[PDB]
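Input: a single structure, listed below in structure tokens.
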Amino acid sequence: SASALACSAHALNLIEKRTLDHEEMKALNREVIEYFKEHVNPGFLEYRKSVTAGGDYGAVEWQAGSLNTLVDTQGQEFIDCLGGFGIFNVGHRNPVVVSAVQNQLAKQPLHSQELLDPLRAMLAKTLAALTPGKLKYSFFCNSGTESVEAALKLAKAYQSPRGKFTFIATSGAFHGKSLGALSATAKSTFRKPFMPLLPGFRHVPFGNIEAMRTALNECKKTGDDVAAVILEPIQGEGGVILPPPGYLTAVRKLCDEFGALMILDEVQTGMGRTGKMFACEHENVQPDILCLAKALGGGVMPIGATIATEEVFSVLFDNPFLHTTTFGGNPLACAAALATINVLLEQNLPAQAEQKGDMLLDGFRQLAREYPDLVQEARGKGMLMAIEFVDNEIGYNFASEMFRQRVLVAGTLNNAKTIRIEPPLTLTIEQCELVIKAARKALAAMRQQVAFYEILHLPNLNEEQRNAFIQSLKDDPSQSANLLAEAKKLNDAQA
Amino acid sequence: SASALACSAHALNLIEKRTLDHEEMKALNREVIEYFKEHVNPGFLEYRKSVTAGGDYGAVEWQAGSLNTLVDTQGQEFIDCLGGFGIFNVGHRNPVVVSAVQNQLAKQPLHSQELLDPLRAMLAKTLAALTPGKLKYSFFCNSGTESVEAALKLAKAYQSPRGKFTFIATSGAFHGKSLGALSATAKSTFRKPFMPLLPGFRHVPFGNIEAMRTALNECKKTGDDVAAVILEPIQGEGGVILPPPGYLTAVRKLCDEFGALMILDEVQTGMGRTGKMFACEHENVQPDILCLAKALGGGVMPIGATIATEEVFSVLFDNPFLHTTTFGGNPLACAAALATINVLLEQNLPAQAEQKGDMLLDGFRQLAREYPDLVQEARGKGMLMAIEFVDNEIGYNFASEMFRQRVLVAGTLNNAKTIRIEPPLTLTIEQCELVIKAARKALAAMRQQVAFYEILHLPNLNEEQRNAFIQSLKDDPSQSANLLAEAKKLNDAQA
Amino acid sequence: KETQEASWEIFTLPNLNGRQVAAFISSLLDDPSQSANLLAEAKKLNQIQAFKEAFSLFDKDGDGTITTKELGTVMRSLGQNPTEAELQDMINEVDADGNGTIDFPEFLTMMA
Ligand SMILES: [Ca+2]
Ligand SMILES: [Ca+2]
């Protein structure tokens, strides 16, 4: 058809463009839909259809608008309440992060892998200064799942000479999709097609200290002593699930008691999202191993970090090549990360995340009491929030209605009824009120919608008074509640 | 020591600097050695000590010099014959790749993960055009090990409903260090501390078609039918091991016969290094799954890609979230990759790699016959070469002596006697001659050294008869190999 | 193992000939214990030899002593313009024997 050279050349021509005319846009959207269908995954097209209405399923990314907005190929601007599921904590194209990445790009993007690269040392020192307690040594990779892999391998190298092999995770947990991390991840549909996974992985209910104590004690009784416990401080993909106060402290004490390592997965909750730099700081809990990614890249670079105490990390001192990764700790990613830490500390973005989080969650809870027919509950901590609906169809219509009002939201991998709100920490107060209002109009449209369907499906109604009923439903929406009652008032009287 | 804010600020000040005075340089080198010792890994410091002489163990990266040179914090320029173990196929800071990355950085670095990003579609289409046969669908991640993880998960999702679970790899293979990929990787020291790994992984000798046929037939007889065979077309970390002609074709035929999938790991051999775009093109072999990374990033970005036929990749169509990764397919990485494919095709860098590879390997083979006391053999294909020495200490002294002459080389993870030569495909002929001469002076110095030791351990000669020999060796270092001859010519007569 | 590393580090010193490196090698084979100290004074010895060389090239007429004009020649050559009094002060500061010229050690003392 065309050669790879032609395709690449076209792609670079399109990378160099800053805006698109209407016919260039139509051709590009048509192209991207085709190539998604034939070379990426057609399932994605169906998914976005299930969270949109009409051609909304075919919005194509183009450029960052401001710190908190994204602009598609048609110039439509969206407020980003998705934040790349926790990536854009410091907004899109943060000037400081973009600046650092450009400077280091001017010097050297990737390292030789042989000589000492200075930004890896600088970032390791910074992270040692920034992490609680004895967390001292850092290993750098490129993703969250890789960080969890490094955590598991550290735990294994430390505990295998001590006769401990089994790992305890929690139900509803998500720790990545690489096979190692996938053994810890808990969602059935993510795991079943790839079994068998790693042996000796067990799961207990999240937030239930007695269940976990039971698991450790039974594992000790049967000779399957636990090497490590891994958990998120707050389950992001589980639907923003908050553990009871003191749970993390009790888990730390339990691991200390049984001689198991505590691995905290802060891939999503880290870098200021929950109101503090790390969620474990809410209870002043120091794990043995801490996992970071996503937001640590500043929304510019991919990066992951596994920080551990010298006691545990020392298992790699005799053989520094025991665990490595091809691109880990490259100068570009390190520059991004240092820039992000600087931005978060200088603008005190964690505290801002607490304030704006409290405000948005207040709004969402008020909407929750006003719409109990659609919203089950709203929950969150800092700027990691979620709204759980009555069914999945309802939350679907919510995501769609918010997308039509140009506010970006998305579901949670382990919870089909829940929609997450994870906007940048730089979201302004004006945009906070705009998002609350958008949620209100969404819920209103959804209530009028369910009324419209219920009125449409009544079987004991001829066509004329149905046309009158939906006609009135359109012309006076605030009477929605009454007319629906009236509809059934008549649907019963001729049964 | 200091607060995280201070550390970050210092790091950004150092990122913005373009040159260093010597007190700046000395302070920075001292800093990076300290932070490597206390926050990264002290073992690395010891390793570089074993491959250097004096303060050469403490060379710190600073900036790319030219396409094929690296400049440390002291202004010393090195010819890069390491290429990041296959990363810098198109050189350091390739203007085209840097340009594309800069433009897309101006537009948007990371995607929302919800809307359609166009460069993912463009890159998937380009890779479909560039890959042999029915390879059609691409999954994008951030590293080689992640690409291998995606390959394994594709094979599992395809073969588990067909009752096949076991995987066959080869000894001496390297496929990554994440637990999934590590189950396929073959080096004992990399695997033992993290066992148990994935069940049902077996290894056969590389290049031995009858051994592999035996493994498949026995697995079928016992009901442990093989889901997939995974191998590198040429083993990189094994010491650049070349299979017999027709091996890849026979492996494809065998997989077709038993109904197993063929997974080709081209993380190292891909992107033109072996004289063609992919090593599998030497025999016109199309695998079911192809793994790419390293060089696909153009030496600017981290990226990985798993390409598969629609037949196998279709296992992700019903549920597009069955396998994902946080940063995979981000616009920066895609821009880098497209720029790299463009550069490779427009400058026909594969063919250049064949020519320059033939030249360098000719030089190395001539040095090999001139120095059989130190070199066992030199091997290679395209610009993926290696020199295997008699001992590990010998190859160590070679790496050190080449580093002293400001030519970068490094060892191979699975082969302690072998030093790899993996320079950029953009290496100039002048630099080819320079590296050949550097290798010559290295081997000369090493012969002088081994002679100097061997003269010291000869038993049958008096305490002063040696000192004449050492003396003559040092102030008149010309009688060298022939001198060692004299030494033994007296030792065996005095026996 | 370390006796060998010592043996090669002493062997590779640029400013020693075979006779002394060989003598030292003897001292090290007889004593693996007196290494890093023997190694230390050997390294130092290299420093003295190279210092000797440079000094020799600072004695233009090769007569083994350095005068104010030879000094002067080097000082003027390095872009400077010393006066007679400055040169005399420099020599006077280290002139242990008061003969007005610089011998071998006194030059080492100037450097110290
Ligand atoms: Ca004189
Ligand atoms: Ca005197």
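No value in this document is a laboratory result; all are computed from the given coordinates. Because the Cβ atoms are built from the backbone with ideal geometry, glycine has one as well, and the counts that use them run over all protein chains shown.
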Exercise. Enumerate the pairs (first residue in the range C:63-75 and away from chain B (no Cβ under 14 Å) and more than 15 Å from ligand 2 (Cβ to nearest atom); second residue anywhere and among the hydrophobic types (A, V, I, L, M, F, W, C) and not in a loop (DSSP other than H, G, I, E, B)) with beta-carbon separation below 7 Å, excluding pairs fewer than 6 apart on the same chain, so at least 6 apart or on different chains.
Key: C:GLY72/C:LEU87
Exercise. Output the number of residues of the range B:130-148 satisfying the condition of being out of contact with any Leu (no Cβ under 9 Å at 6 or more places or on another chain), at the interface with chain A (Cβ under 8 Å from one of its Cβ atoms) and among the small types (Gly, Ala, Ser).
Key: 1
Exercise. Would you please name the residue that is farthest from ligand 1 (Cβ to nearest atom), looking only at residues in the range C:38-53 that are exposed (fewer than 15 other Cβ atoms within 10 Å of the Cβ) and more than 14 Å from chain B (Cβ to nearest Cβ)?
Key: C:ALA40
Quiz item: Considering the range A:313-349 alone, what residues qualify as being in a helix (DSSP H, G or I), more than 8 Å from chain B (Cβ to nearest Cβ) and among the polar types (S, T, N, Q)?
Solution: A:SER314, A:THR340
Quiz prompt | When residues of the range A:162-203 are limited to those that are among the polar types (S, T, N, Q) and farther than 15 Å from B:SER178 by Cβ, the one surrounded by the most Cβ atoms within 10 Å (Cβ to Cβ) | solution = A:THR170
Quiz item: Can you name the condition, by its number, that A:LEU116 falls short on among (1) within 7 Å of another protein chain (Cβ to nearest Cβ); (2) free of Cβ contacts under 8 Å to residues at least 60 places away in the same chain; (3) within 22 Å of A:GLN431 (Cα to Cα)?
Solution: (3)
Practice problem: Report yes if A:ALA173 is hydrophobic (A, V, I, L, M, F, W, C), out of contact with any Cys (no Cβ under 8 Å at 6 or more places or on another chain), in contact (Cβ under 8 Å) with a residue 24 or more places away in the chain and part of a loop (DSSP other than H, G, I, E, B), otherwise no. | Solution: yes
Practice problem: Please report, ordered by residue number, the strands (runs of 3 or more DSSP E) entirely within the range B:350-462 with at least 2 residues that are more than 20 Å from B:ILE79 (Cα to Cα). | Solution: B:375-381, B:384-389, B:415-421
Quiz item: Looking only at helices (runs of 4 or more DSSP H) that fall completely inside the range C:39-112, which ones have 1 or more residues that are farther than 30 Å from C:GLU9 by Cα?
Solution: C:68-77, C:84-94
Quiz prompt | Residues located in the range B:95-113, provided they are in a helix (DSSP H, G or I), among the small types (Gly, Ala, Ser) and without any contact (Cβ under 8 Å) to a residue 40 or more places away in the chain | solution = B:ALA106
Quiz item: For residues in the range C:54-84 being away from ligand 1 (no atom under 15 Å from the Cβ) and surrounded by 12 or more Cβ atoms within 10 Å (Cβ to Cβ), which is farthest from B:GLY54 (Cα to Cα)?
Solution: C:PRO82
Quiz item: From the set of residues in the range B:5-27 that are farther than 14 Å from A:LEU123 by Cα and in a helix (DSSP H, G or I), which is nearest to the other protein chains (Cβ to nearest Cβ)?
Solution: B:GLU16
Quiz item: Taking the range C:89-112, which residues are acidic (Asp, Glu), more than 14 Å from the chain's Cα centre (by Cα) and near ligand 2 (Cβ under 9 Å from one of its atoms)?
Solution: C:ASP95, C:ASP97
Quiz item: If you check B:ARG30, B:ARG48, which single one turns out to be without any contact (Cβ under 8 Å) to a residue 40 or more places away in the chain, assigned to a helix (DSSP H, G or I), in contact with an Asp or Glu (Cβ under 9 Å, 6 or more places away or on another chain) and more than 7 Å from every other protein chain (Cβ to nearest Cβ)?
Solution: B:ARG48
Practice problem: Return the pairs, sorted by first residue and then second, in which the second residue is among the polar types (S, T, N, Q) and within 11 Å of ligand 1 (Cβ to nearest atom), the first residue lies in the range C:101-112 and is more than 14 Å from chain B (Cβ to nearest Cβ), the beta carbons are less than 6 Å apart, and the residues are 6+ apart or on different chains. | Solution: C:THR101/C:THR65; C:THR101/C:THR67; C:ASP103/C:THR65
Exercise. Any chance you could count how many residues in the range A:57-75 are at negative phi and part of a loop (DSSP other than H, G, I, E, B)?
Key: 7
